[PDB]
Amino acid sequence: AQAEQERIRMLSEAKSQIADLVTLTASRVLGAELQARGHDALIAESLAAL
Amino acid sequence: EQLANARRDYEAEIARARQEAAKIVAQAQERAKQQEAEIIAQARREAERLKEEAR
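Just so you know, the protein sequences line up as chains W and X, in that order.
Just so you know, full-length UniProt numbering puts 152 at position 42 of the first sequence, and the rest follows in order with no gaps.
Just so you know, full-length UniProt numbering puts 90 at position 35 of the second sequence, and the rest follows in order with no gaps.
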């Protein structure tokens, strides 16, 4: 049981790293795709909200 | 004579019991320590190996 817990401990850091990396790559896709989709066209949403 | 005869048997029976029981001590301690060390060995065989395989 303790060895299973210890393996999960290493997996827990790996799982958190995997989740953070996946979400950061999803964000960077927006960041990379932002230049092609439009660099400064985001002001339209803010004008409607404000 | 009766007092001496009783004393001889009492002296013969008094001493040897502790020495004979000491024959227990070696074997019983060896068994108990070996089995506790086997418990430790069973605990340690999984601890390192499962972590290495889980890596």
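Backbone N, C-alpha and C define an ideal beta-carbon position, used for all residues, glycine too.
Chain W residues whose Cβ lies nearer than 8 Å to that of residue i
i	result
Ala96/X	Neighbours of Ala96/X on chain W: none; closest Cβ ~14 Å, over 8 Å.
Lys106/X	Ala113, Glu116, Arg117 and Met120
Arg99/X	Under the 8 Å cutoff, chain W gives no residues; its nearest Cβ is about 10 Å from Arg99/X.
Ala102/X	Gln112, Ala113 and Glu116
Residue i versus residue j: straight-line alpha-carbon distance, rounded
i	j	result
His149/W	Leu140/W	11 Å
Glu66/X	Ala59/X	10 Å
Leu157/W	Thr133/W	28 Å
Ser126/W	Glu114/W	18 Å
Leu121/W	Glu155/W	41 Å
Integer Cβ distance of residue i from residue j, believed to fall under 8 Å
i	j	result
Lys106/X	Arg117/W	6 Å
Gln112/W	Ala83/X	About 30 Å; that fails the 8 Å criterion.
Neighbour list for residue i in chain W, Cβ cutoff strictly below 9 Å
i	result
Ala109/X	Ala113, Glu114, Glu116, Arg117, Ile118, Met120 and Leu121
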